[PDB]
Every structure is written in structure tokens, then in C-alpha cells.
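The form deposited in one PDB entry is given below as one chain in C-alpha cells.
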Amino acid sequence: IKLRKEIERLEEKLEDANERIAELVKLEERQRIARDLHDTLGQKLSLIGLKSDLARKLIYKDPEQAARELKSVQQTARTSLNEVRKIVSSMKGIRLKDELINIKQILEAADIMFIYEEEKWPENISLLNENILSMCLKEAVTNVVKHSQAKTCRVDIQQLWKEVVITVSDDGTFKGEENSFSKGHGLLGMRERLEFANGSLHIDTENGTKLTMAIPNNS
């Protein structure tokens, strides 16, 4: 009865340790995304400094260009603070493999055919870059279910020499009107996240709607 009491006391503290390792393993992956953010905040802060140095030098030589540089400095600080907010809120970063699963189910529930010819999966992008691409792919199909009025949606995920490109095309009609990049909207927010990551967004509304989201590789 003493050793059976002592075994239960050790079984209770081993449950607090092998199970408490699963709680502390969450901080290991959060440190991977925090170090990803710190790396690109270094690039962002260097850009703010250099663009301020340039706008200051232009105050007399070209005051209109100085004002243009300062609108750009303000935007870099606004968007790079939006990313800090995202990791201070501890919002879940989705893996591109998991987001591709959800978009197929969202497109099928809305009765839109999903076209996907699987190729080699991206391997040289950061977890933060991959999380941005997931949010962009999720917003792209959300726009196709609500506005496109398309029969099919072709998604491509490609790993190129210096970047990862995701193309999302629907065979519907683009419902946007002149300023299709309005404040607090998905397209503007996609362009902001992609540009913070040093990637890009290109929209081809000829023959439907084709979003091309590119994001760079590491090293």
C-alpha cells in the first residue's frame, strides 16, 4: 500500500512532465515565427531609415518626391506593425498543405470545380512566408465563391528558382469597380502582406480573374 501510493505519486508527476512537454513544444514553433518576423523587421526598419534619409535630402531638390517617399514610409510602418499585431494576438498560422485541403472543400460546397495538377511542394520558404501564402490562397478562393460566378477554379502552387508562385484563376467575371483595392479589404490586405514579405500580387481580369501571388525563397 506504500509502494502503490508512491507509484501513483510518480505516475501523476510523469503525466505533468511528458504531457507538459507538449505545452512547451508550442513555444518552440512560436520562436520560429518570431525569428522570421524579426528578420524582415530588420529589412523594414533599414528601409524606413534609408527612405527617410532620401526624403530629407529631397525636401529642397524635389518636395513632391519627398512627400511620395513619406507616404511610402508611413505605409511600411503601418503594414510592418500589422504583422507585429498578428503575432502579439497569437493567431494561428496555417500550413499551405492544410489550406489547400480547406479550399478544395470550400470550392466543392459552393459547386465550383477544383482544378489542381500536383507538382513538387515548395521547400525553401520560411514558415512566416508560407503562412502569408495560406492567407492569400484562402482569400483568393473566398473572393471566387462570393463574386466570380465561375464554373471552375484552377489553383497552381509552384516552387521556382528564387520564389514560390501561387496562381488562382476562375472562369467567372470580375465584379470590381475602378478602385477594386478598397480600405480594409481582402485584395489590399493581400497586396500589403505580400509586399511586406518582398513578394508581389498581379491580377489579370482578362478572360476571367487570375491572381498571381509570388513570395521569395530564403538564404
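Heads up: residue numbers just count along the shown sequence, starting at 1. For clarity, a rigid core is taken as the largest C-alpha set superposing within 1.5 Å between two forms. Residues that one form lacks are left out of the comparison.
Undergrad: Got a sec? Mean C-alpha B-factor, which is higher, 180 to 188 or 33 to 41?
TA: The entry gives the higher C-alpha B-factor average to 180 to 188.
Undergrad: Can you tell me which stretch has the higher mean Cα B-factor, 21 to 29 or 207 to 215?
TA: The recorded data point to 21 to 29.
Undergrad: Tell me which of 155, 165, 66, 150 tops the list for C-alpha B factor in the record.
TA: Of the candidates given, the C-alpha B-factor peaks at 150.
Undergrad: Which third, lowest, middle or highest, does the C-alpha temperature factor of residue 96 belong to within its own chain?
TA: Residue 96: CA B-factor falls in the middle third of its chain.
Undergrad: Sorting the chain's modelled residues by C-alpha B-factor, tell me whether residue 86 ends up in the lowest, middle or highest third.
TA: For residue 86, whose C-alpha B-factor we compare with every modelled residue in the chain, the answer is the middle third.
Undergrad: Test of reading the entry: by CA B factor among the chain's modelled residues, which third contains residue 46?
TA: Tercile = lowest for this residue's CA B-factor.
Undergrad: Is the Cα B-factor recorded for residue 144 in the lowest, middle or highest third of its chain?
TA: Middle third - that is where residue 144 ends up once the chain's C-alpha B-factors are sorted.
Undergrad: According to the PDB entry, is the CA B factor of residue 76 in the bottom, middle or top third of its chain, that is, lowest, middle or highest?
TA: For residue 76, the deposited C-alpha B-factor lands in the lowest third.
This next part talks about the form deposited in another entry, which is not shown.
Undergrad: For the set 194, 165, 150, 47, which residue undergoes a C-alpha shift of 2 Å or more between the shown form and the other one, given alignment on the rigid core?
TA: Among the listed residues, the one whose C-alpha moves by 2 Å or more is 47.
Undergrad: Fitting the rigid core first, would the Cα of residue 126 be found 2 Å or more away between the shown form and the other one?
TA: No, shifts by less than 2 Å.
Undergrad: Is residue 94 one of the residues whose Cα moves 2 Å or more between the shown form and the other one, with the core superposed?
TA: No, residue 94 moves less than 2 Å.
Undergrad: Aligning on the rigid core, do we see the C-alpha of residue 73 shift 2 angstroms or more between the shown form and the other one?
TA: Result for residue 73: yes, a 2 Å-plus shift.
Undergrad: Quick one: in the other form, is the Cα gap between residue 90 and residue 212 smaller or bigger than here? Answer closer or farther; it shifts by 3 Å or more.
TA: Distance between the C-alphas of residue 90 and residue 212: shorter in the other form, by 3 Å or more.
Undergrad: Once you compare with this form, do the C-alpha atoms of residue 90 and residue 94 lie closer or farther in the other form, given a change of 3 Å or more?
TA: Those two alpha carbons end up closer in the other form.
Undergrad: Return the sequence-ordered list of stretches, each of 3 or more consecutive shared residues, in which all C-alpha shifts are 2 angstroms or more between the shown form and the other one following rigid core superposition.
TA: Run shifting 2 Å or more: just 32 to 92.
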